[PDB]
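A look at the structure
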Amino acid sequence: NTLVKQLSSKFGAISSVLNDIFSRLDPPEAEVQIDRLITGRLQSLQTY
Amino acid sequence: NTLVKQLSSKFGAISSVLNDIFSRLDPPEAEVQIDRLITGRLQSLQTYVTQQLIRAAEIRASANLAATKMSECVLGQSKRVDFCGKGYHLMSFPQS
Amino acid sequence: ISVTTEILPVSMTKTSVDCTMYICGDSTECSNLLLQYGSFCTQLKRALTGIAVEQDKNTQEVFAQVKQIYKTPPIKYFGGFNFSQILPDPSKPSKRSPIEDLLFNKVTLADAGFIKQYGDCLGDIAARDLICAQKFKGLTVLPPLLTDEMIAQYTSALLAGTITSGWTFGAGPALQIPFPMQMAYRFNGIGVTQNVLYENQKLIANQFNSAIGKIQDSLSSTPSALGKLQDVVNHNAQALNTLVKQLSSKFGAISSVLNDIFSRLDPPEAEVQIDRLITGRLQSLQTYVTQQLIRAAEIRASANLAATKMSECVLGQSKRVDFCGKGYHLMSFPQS
Amino acid sequence: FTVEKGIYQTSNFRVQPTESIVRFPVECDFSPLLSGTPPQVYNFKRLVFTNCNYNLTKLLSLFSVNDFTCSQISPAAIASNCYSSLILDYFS
Amino acid sequence: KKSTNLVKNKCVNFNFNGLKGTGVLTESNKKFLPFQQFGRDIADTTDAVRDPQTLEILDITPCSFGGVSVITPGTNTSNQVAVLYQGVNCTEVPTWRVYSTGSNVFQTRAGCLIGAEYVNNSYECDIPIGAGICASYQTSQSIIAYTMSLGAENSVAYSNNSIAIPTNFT
Ligand SMILES: *[C@@H]1O[C@H](CO)[C@@H](O[C@@H]2O[C@H](CO)[C@@H](O)[C@H](O)[C@H]2NC(C)=O)[C@H](O)[C@H]1NC(C)=O
Ligand SMILES: *[C@@H]1O[C@H](CO)[C@@H](O[C@@H]2O[C@H](CO)[C@@H](O)[C@H](O)[C@H]2NC(C)=O)[C@H](O)[C@H]1NC(C)=O
Ligand SMILES: *[C@@H]1O[C@H](CO)[C@@H](O)[C@H](O)[C@H]1NC(C)=O
Ligand SMILES: *[C@@H]1O[C@H](CO)[C@@H](O)[C@H](O)[C@H]1NC(C)=O
Ligand SMILES: *[C@@H]1O[C@H](CO)[C@@H](O)[C@H](O)[C@H]1NC(C)=O
């Protein structure tokens, strides 16, 4: 349950939905937010 | 000690003081520095917790062995070789 | 009379790491940016040193039981019993028994001994051997404290003591006793009167010799029979290979070469790339260290069990069910 | 200030290099940019360079260099990388 | 651009056809191809090179390195130390840490020891060096290195009809 619930976290990004980031902001700055989100999810998996 | 000594690292930020990071610049680019500091501190805490868990497991194994020795050598007489001292076991006495 | 076998891991491979060469290499600016971090490599060195000393402690605890060196008498007659398949063989230059040779030729190590000394990986020899490739990133493998010529001596001393003095050498001075009387003592121990042995000595000796020959032959014609001692080597090699291969990742940076980030660009935007690479490599090192810690704990548990079995089954007779073999226990013999 | 009997680890050691090997071993044309009327933006004129040695400051010194803005590259680093692959579009 | 001389057999800054770095190079037995100009390895590292001018194959091997260990008997007793260079033939080392070597160089299987004398006796292991070699501080006093011993030697007088029975306890 903790692993499932952890999916809804910003991790310092602009949004938690991959569609909302790929809709308004150009890729050069979207890459940073996606990198932060992916790093956070990797950390969650490693701890689990 | 290590944990406390981990509080004097800016983790690539311009400074390691929250008030200094907040001031002297615009908060939108202060957020990245704040998140860098938060991630560093969280990583330090996670490492500390993991090492504590491993050490706790080791101590638990030692405590189980001690309890077994107290049950067998002290409360009775054991024929297991070299379990309760070298030679032919006669009796054991505990001390704290 | 049945003779069974039991295999137990006792130790793993000692390793050392170096952040200065692995993380950055020959770049001083990356070294300064790593020094910017407080302390993320003292802990790794301390943990690896602890594991390295723990391995030697495990081996010493398991094998260094008796602080004496007993020798079997020159005349090898023990009432018809025939132990030539476990006692040392003087013919070979190595002093290993004819059974230990089978156990040594069925496990493929990485590099027996250490003759590299950064003098063998010369020219095309480097980057083809796995050992050189690992050694050229900052990872080294330390040799064990006790060589293979001392564990054999320890096992030979234990065998000579247990076949010339019974179990009396594990609880004080060693007292000799003829073997066909030690057999009677053990038979009386399990609950059978001693005249059975004195009337069936020849049959018992023949059965024992047949069992020893059977296990000697069957230890070879078998698919693996030694997976426990191969898994440690395979796991160590796999972990080191993965750690080495992790360097090729980009971790979101524009390039995977440190010389194309410090140069070929400007500092204010190269700092981000260098920070990303450093953080990724540090996280990889942390994962490797944690995995090593867990595996070391498991190996320690196995070594403690092996030490208990050596103390109880060999240096005495055990009444615990299914502990030292299946059936009514008579004795055991160790091999490395 | 006091240490006990034993063996400890200290700073590592490295063998430094001594000399420097170098065994590195043309003048492609810039004329089409200088020749002809520069077209408009929707009809930009492109030149592809390959296997040649270029000279940027020689061409730019002739003109009046007003502004220079880049992405994933800088003017400092634009005169340092290898030939690789190079395409220049000029327009009015 | 320009060109310089070609040296070999000494680990120096190489710059074969642009590619920079460091490493020692020796002879090799390997075949490139007329369209092949650059080597690689199992982990994305250059192994061999073809001369851009002379058109033959050499290799690449970074200079030697390793850790450094200091063996001391304790500052309370004395102030002498010995230095162990892990995994490096010291007939081939002569930079970091100490810039000055000395005498009494002993070659072991775990590196080589500087400042310790090798004897032929056998005592118990005091400071573990490795590969069966130990070190100690003893008598004029100095640091010595030896091979550890396993214990005393005795043989049990096994015989056809002989048994030893104790007569007293403790
Ligand atoms: C003890 O076991 C060894 C091993 O089987 C016996 O040695 C064999 O002896 C026969 C007859 O001389 C030879 O044909 C075999 O080649 C020997 N085996 C080996 C491995 O050399 C030995 O006879 C047995 N008994 C004694 C008293 O030594
Ligand atoms: C068994 O050993 C003990 C220990 O030495 C002997 O006790 C000694 O006996 C003589 C008597 O004069 C002396 O050497 C000491 O006074 C005794 N020592 C102690 C600690 O009491 C004992 O005599 C031995 N038993 C036999 C039967 O010889
Ligand atoms: C060290 O180098 C010399 C070179 O003459 C060689 O003979 C020697 O075997 C090397 N040392 C070891 C331990 O191989
Ligand atoms: C030790 O042994 C070697 C070879 O056996 C010999 O050359 C040397 O002189 C001996 N040293 C001493 C002190 O006995
Ligand atoms: C005594 O030992 C030797 C061993 O070769 C031999 O004389 C005989 O087998 C044994 N038993 C006797 C003599 O009763």
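You'll find chain D entered in the PDB entry as Spike glycoprotein,SARS-CoV-2 omicron spike with MERS RBD, with Severe acute respiratory syndrome coronavirus 2 given as the organism. According to the PDB record, the title of this entry is "Omicron-S-MERS-RBD".

The name the PDB entry gives chain C is Spike glycoprotein,SARS-CoV-2 omicron spike with MERS RBD, with Severe acute respiratory syndrome coronavirus 2 as the organism.

1. Focus: the pattern of salt bridges
For side chains of opposite charge, pairing can occur when their charged atoms come near one another. Enumeration according to the criterion identifies 15 salt bridges over all chains in this entry. For the salt bridge of C:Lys71 with E:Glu153, the shortest nitrogen-to-oxygen distance reads 3.9 Å. Remark: E:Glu153 occurs in strand β13 (residues 152–155) and C:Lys71 occurs in strand β2 (residues 68–71); the pair is interchain, linking two chains. In this structure, a network of salt bridges that share partners links the residues B:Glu72, B:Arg80, C:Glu312 and C:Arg320.

2. A short note on the site of ligand 3
As a matter of local geometry, ligand 3 sits amid C:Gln117, E:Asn89 and E:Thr91. The separation between an oxygen atom of ligand 3 and a polar side-chain atom of E:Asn89 is 2.3 Å. Contacts to ligand 3 include E:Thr91, whose side-chain N or O atom sits 3.4 Å from an oxygen atom. For ligand 3, whose accessible area on its own is 360 Å², the fraction buried by protein is 41%.

3. Quick look at the packing of aromatic side chains
Working definition: an aromatic ring pair is given by the centre-to-centre distance plus the angle between the planes. Residue and element names in this part refer to chain C. Throughout the structure, instances matching the rule amount to 18 aromatic pairs over all chains. Relative to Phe333, the ring of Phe83 has its centre 6.0 Å away and its plane inclined at 65 degrees; by these criteria the two rings are edge-to-face. Of this pair, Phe83 sits in the loop between β2 and α4 (100–105) while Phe333 sits in the segment after α11 (267–314); the two residues are 250 residues apart in sequence, bridging distant segments of the chain. Residue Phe83 is classed as buried on the basis of its relative accessible area of 5%. Using a relative accessible area of 25% as the deciding quantity, one classes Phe333 as partly exposed.

4. Some words on the sheet that holds strand β9 (residues 117–118) of chain E
Strand order in the open sheet formed by four strands is β9-β12-β11-β10 (chain E), with mixed pairing between adjacent strands. Across the chains shown, the open sheet's two edge strands, defined by having one partner strand only, are β9 and β10 (127–130) of chain E.

5. Side note on a nonpolar patch on the surface
Residues and elements named next belong to chain B. A surface patch of nonpolar side chains, amounting to about 630 Å² of accessible area, comprises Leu3, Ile38, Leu42, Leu45, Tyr48, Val49 and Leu53. Element by element, the count of residues in the nonpolar patch is highest for helix α3 (residues 27–74), at six residues. The topology assignment puts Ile38 in helix α3. Using a relative accessible area of 44% as the deciding quantity, one classes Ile38 as partly exposed.

6. Thoughts on the state of the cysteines
Residue and element names in this part refer to chain C. Summed over all chains, the structure comprises nine disulfides over all chains. Shown here is the disulfide that connects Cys121 with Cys132, its sulfur atoms set 2.0 Å apart. Because the torsion about its S-S bond is -75 degrees, the bridge between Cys121 and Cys132 counts as left-handed. Placement of the pair is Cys121 in the loop between α4 and α5 (130–135) and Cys132 in helix α5, with a sequence separation of eleven residues. Relative accessible area serves as the criterion here: at 2%, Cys121 is assigned to the buried category.

7. Points about the packing of helix α10 (residues 227–245) of chain C against α11(C)
Residues and elements named next belong to chain C. Two numbers describe how α10 lies on α11: the axes approach to 11 Å, and their chain directions differ by 170 degrees. Considering the angle they form, α10 stands roughly antiparallel to α11. When α10 is examined against α11, the residues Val232, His235, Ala239, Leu240 and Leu243 are found in contact with a partner set consisting of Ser284, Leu285, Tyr288, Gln291, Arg295 and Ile299. Residue composition of the contact of α10 with α11, by class: seven nonpolar, three polar and one charged.

Cut-offs applied
Position numbers follow the written sequence of each chain, starting from 1, instead of the entry's numbering, which may differ; residues with no coordinates are not represented. Chain letters start at A and ligand numbers start at 1, both assigned in the order the entries are written. What is shown is a subset of a larger assembly, and the numbers refer only to that subset. Excluding hydrogens and water, the side-chain values take into account all heavy atoms of the structure. Here a salt bridge means any side-chain nitrogen of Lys or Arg lying within 4 Å of a carboxyl oxygen belonging to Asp or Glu. Only DSSP runs of H or I reaching four residues or more are called helices, and only runs of E reaching two or more are called strands; each is numbered from the N terminus. Consider each residue's heavy atoms; a residue with any of them within 4 Å of a molecule or strand counts as near. Polar contacts here mean pairs of N or O atoms no more than 3.5 Å apart (in protein, one a potential hydrogen donor and the other a potential acceptor; neighbouring residues in sequence count only if both atoms are side-chain atoms). Areas reported as accessible are Shrake-Rupley estimates using a 1.4 Å probe. Residue values count occlusion only from the protein chains shown. By convention, a stacked pair of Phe, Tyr or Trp rings (six-membered ring in the case of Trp) has centres within 6.5 Å and planes under 30 degrees apart, an edge-to-face pair has planes over 60 apart, and any other such pair is tilted. The buried label goes to any residue with under 20% of its type's maximum accessible area, the exposed label to any with over 50%, and the partly exposed label to all in between, with areas taken from a 1.4 Å probe on protein chains only. In this scheme, strands are said to pair when DSSP sees at least two bridges between them. Surface patches are defined over residues having more than 30% relative accessible area and no salt bridge, joining like charges when they lie within 9 Å and nonpolar side chains (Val, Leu, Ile, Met, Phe, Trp, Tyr) when within 5 Å. The term disulfide is used for any two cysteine sulfur atoms that are within 2.5 Å. Between N-to-C directions, angles span 0 to 180 degrees; the directions come from axes that are lines fitted to C-alpha atoms, helices contributing only their stretch in contact. By the definition adopted for this analysis, an angle is roughly parallel if under 35 degrees, roughly antiparallel if over 145, roughly perpendicular if from 65 to 115, and oblique otherwise. Residues are treated as being in contact if the distance between any of their heavy atoms lies within 4.5 Å. Ten residue types, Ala, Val, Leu, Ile, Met, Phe, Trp, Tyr, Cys and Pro, are classed as nonpolar, four, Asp, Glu, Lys and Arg, as charged, and the remainder, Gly among them, as polar.

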